[PDB]
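**Student:** This block holds the first chain(s) of the complex, placed as they are in the complex; more will follow:
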Amino acid sequence: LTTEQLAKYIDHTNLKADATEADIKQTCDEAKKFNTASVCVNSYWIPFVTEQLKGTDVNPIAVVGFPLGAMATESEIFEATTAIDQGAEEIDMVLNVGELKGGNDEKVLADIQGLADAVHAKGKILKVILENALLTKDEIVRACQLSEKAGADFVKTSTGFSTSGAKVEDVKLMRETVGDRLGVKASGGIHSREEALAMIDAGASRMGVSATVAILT
C-alpha cells in the first residue's frame, strides 16, 4: 500500500478545543499535501476549512454533538445541516451511549435516524461514533445493529476523547456485524503506519488520524 493510497483512507483530524485558526490551516495544508480523503473538524471551523480546501479533492467533514453524544437530537440536526450547508460533505455524529447502556434502543434509534434523515436529504453520508471504550462487546454489536437500522453509512470506533480509541479486535467485531453494508472507520490513538495498516487489515475502510504527518512520512 503506497503512501498515496493509504492517504485516501484518512480523514485528517484536528478536534482539540484549543486549536487556533493557524492550527486548523496547517491541518488543511497537510491534507492537501498528502491528498487525504478529508479534513475533520468541529463545526465552527467548517466555513474556513471549506475555503482552504476549495478547488481540491479533499472533503471538509464535521463532527456533531461531539464528543459526548448527549446533545438533543433536534440540536444535533441543526448543527449537522448547518455544517453541510457551509461545506461539510460527511458528518460524524456520536452515539447516544447513555441510552444504549440504559437499554433504550428505540431512543438510540430515533437519535441516529433523525441525523440520517437530515444528512441523506442533503445527499451526504453519516458516520456514527460508537465510543467503544465505554461499551461492552455486546453493546458494540448492538450499537452497530441500531446504527445500520437507523440508516448510518459508517460506524466509527472512537471520539479520541475517551479512555482508549481504535482496537483491532473492535474493528473486526464491527466489520463482522455490519458486513460490507456499512463502512467501518477506525479512529483514535492511531499513531504509526504499522497501526494504520493493522486497522485496515482488521476491516477498516476509513480511518480518523491526527498524527497523519508522522504516519505518511
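**Tutor:** All right, it came through fine. Numbers count the residues shown, from 1 in each chain, chains lettered A, B, ... in the order given.
**Student:** check which helix or strand covers the residue nearest the centre of chain A.
**Tutor:** Chain A has residue A:92 as the residue nearest its centroid, 4.2 Å off, counting by Cα atoms, centre = their mean. Secondary structure assignment for residue A:92, by DSSP states H and E: strand A:90-94.
**Student:** other SSEs contacting that strand?
**Tutor:** strand A:59-64, helix A:73-85, helix A:105-121, strand A:125-129 (3 or more Cβ pairs under 8 Å, 6 or more residues apart in numbering; DSSP states H and E). The C-beta positions use only the backbone N, C-alpha and C, and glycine is treated the same way.
**Student:** among those, which is nearest residue A:216?
**Tutor:** Closest approach to residue A:216 among those is made by strand A:59-64 (17.6 Å; Cβ to Cβ).
**Student:** Can you convert the helices and strands packed on strand A:90-94 into TSV and add a column each for mean neighbour count?
**Tutor:** Below are those laid out as TSV (neighbours: other Cβ atoms under 10 Å):
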stretch	mean neighbour count
strand A:59-64	26
helix A:73-85	19
helix A:105-121	19
strand A:125-129	25
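**Student:** want to throw these into TSV with distance to residue A:37?
**Tutor:** Below are the helices and strands packed on strand A:90-94 laid out as TSV (distance: least, Cβ to Cβ, whole Å):
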stretch	distance to residue A:37
strand A:59-64	7
helix A:73-85	17
helix A:105-121	17
strand A:125-129	12
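**Student:** Tell me where chain A has strands.
**Tutor:** A:10-13, A:38-41, A:59-64, A:90-94, A:125-129, A:154-156, A:183-187, A:206-209 (DSSP state E).
**Student:** Between those, which one is closest to residue A:50.
**Tutor:** strand A:59-64 (4.8 Å).
**Student:** got a markdown table for the strands of chain A, with distance to residue A:47 too?
**Tutor:** Supplementary listing: the strands of chain A in a markdown table, determined by distance: least, Cβ to Cβ, whole Å:
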| stretch | distance to residue A:47 |
| --- | --- |
| strand A:10-13 | 18 |
| strand A:38-41 | 10 |
| strand A:59-64 | 9 |
| strand A:90-94 | 15 |
| strand A:125-129 | 20 |
| strand A:154-156 | 24 |
| strand A:183-187 | 24 |
| strand A:206-209 | 21 |
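**Student:** Identify each buried residue in stretch A:10-30, please.
**Tutor:** For stretch A:10-30, a neighbour-count test (16 or more other Cβ atoms under 10 Å) marks A:10-15, A:19, A:24, A:27-28, A:30 as buried.
**Student:** add one more, call it chain B:
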Amino acid sequence: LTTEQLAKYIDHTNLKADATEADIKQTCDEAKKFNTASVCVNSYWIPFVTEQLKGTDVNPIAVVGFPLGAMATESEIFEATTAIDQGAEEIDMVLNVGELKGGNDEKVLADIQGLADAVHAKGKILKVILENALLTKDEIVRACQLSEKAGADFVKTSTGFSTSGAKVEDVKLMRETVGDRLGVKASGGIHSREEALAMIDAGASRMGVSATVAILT
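**Tutor:** Alright, chain B goes in next:
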C-alpha cells in the same frame, strides 16, 4: 454555612457520556433531596430533568457547545434556546478557546454575544466556561473581560473534561477581574466540603459539583 445554604451554591452536575436515564434520575433525586440550586446536564436530558424537577425549586440548566466550545455560534444558539424552551433556566456555554488562543478577540466576543443576546431575550442567564486548564493567566483575565463585555452573567472555571478543574488562585483572579458585576462559578474536581468552602472564599458565588452527596453529608 449550613448544609442547606451550601446546597444553594451548587449546580448538581452529571455530564458523563455514558450517563443513563437512571443515572440522570438519581442526580435529580439527589438535587431534590438536598435542595441544590440546579441540576446541570447535556441538552439531551433537559426534557427529562425538567419533568423530574417539576414542582420543585431546583432548576434544570444545560451546557451547550460542550465541552469543546468549538461549535458554530448559530448552532450553539439553537441548542441553547431549544434547551430553554424545554425547561432549562440557565445555559453554561464554553468559550471559543481556539479563537481566544489565536488572539481573535472580535470572534470570541461575537460568539459570547450571540449566546448572551439569545439567552437574555428569553429572560434567562448565561455562564461562560473559560476552561482555565487550557489558558495562560492573561488569557483568563481577557476571557473574563470579553465575557463581561458580551453581557455574560457568570464566568465558570472548567468543563470537568480537561486536564484540571477549579483552582483557588484562578477563582481569585476571575473574581478580581469581574468584581461583583458577574458571578463566578468554580467547577471541576471539587471533591470535599472543605474544597467547596475554599472555592467560595476565593470568590465563587456558585459551584459545579458531581460529588454533591459526599460534600453535603
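**Student:** The buried residues of stretch A:10-30 again please, this time with chain B.
**Tutor:** Neighbour counts over stretch A:10-30 (16 or more other Cβ atoms under 10 Å in any protein chain shown) mark A:10-21, A:23-24, A:27-28, A:30 as buried.
**Student:** Next up, the contacts around residue A:47.
**Tutor:** Counting by Cβ atoms under 8 Å, 6 or more residues apart in numbering or on different chains, residue A:47 touches A:86-87.
**Student:** What is the neighbour count of residue A:71?
**Tutor:** A count of neighbours around residue A:71, defined by other Cβ atoms under 10 Å in any protein chain shown, yields 31.
**Student:** List the residues that contact it.
**Tutor:** Residue A:71 touches A:64-65, A:79, B:42-44, B:79, counting by Cβ under 8 Å, 6+ apart.
**Student:** What subset of those residues is buried?
**Tutor:** Using 16+ other Cβ under 10 Å, the buried ones in the contacts of residue A:71 are A:64-65, A:79, B:42-44, B:79.
**Student:** Nearest to residue B:170 among those residues?
**Tutor:** Checking those one by one against residue B:170 (Cβ to Cβ), the nearest turns out to be residue B:42, at 24.2 Å.
**Student:** excluding its backbone neighbours, what's nearest that closest one?
**Tutor:** For residue B:42, ignoring the flanking residues on the chain, the nearest one in space by Cβ to Cβ, 6 or more residues apart in numbering or on different chains is residue A:70 at 3.5 Å.
**Student:** tell me the phi and psi of that neighbour?
**Tutor:** With angles defined as degrees, to the nearest 10, residue A:70 sits at phi -120, psi 30.
**Student:** Is residue A:107 in contact with residue A:96, as I believe?
**Tutor:** Yes. Contact criterion Cβ atoms under 8 Å: residue A:107 and residue A:96 qualify, at 6.8 Å.
**Student:** Out of the contacts of residue A:71, the closest to residue B:217 would be?
**Tutor:** So of the contacts of residue A:71, ranked by how close each gets to residue B:217 (Cβ to Cβ), first place is residue B:42, at 26.3 Å.
**Student:** That closest one and residue A:73 touch, don't they?
**Tutor:** No. Residue B:42 is beyond contact range of residue A:73, at 12.0 Å (criterion: Cβ under 8 Å).
**Student:** ok, the residue nearest to residue B:42 - contacts?
**Tutor:** Residue A:70 touches A:96-98, B:15, B:17, B:19, B:41-45, counting by Cβ under 8 Å, 6+ apart.
**Student:** Save these as JSON lines, and put in distance to residue A:54 too.
**Tutor:** Converted to JSON lines, those look like this (distance: Cβ to Cβ, whole Å):
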{"residue": "A:96", "distance to residue A:54": "34"}
{"residue": "A:97", "distance to residue A:54": "35"}
{"residue": "A:98", "distance to residue A:54": "38"}
{"residue": "B:15", "distance to residue A:54": "37"}
{"residue": "B:17", "distance to residue A:54": "34"}
{"residue": "B:19", "distance to residue A:54": "40"}
{"residue": "B:41", "distance to residue A:54": "39"}
{"residue": "B:42", "distance to residue A:54": "34"}
{"residue": "B:43", "distance to residue A:54": "33"}
{"residue": "B:44", "distance to residue A:54": "34"}
{"residue": "B:45", "distance to residue A:54": "39"}
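**Student:** Having no further points to raise, I will conclude here.
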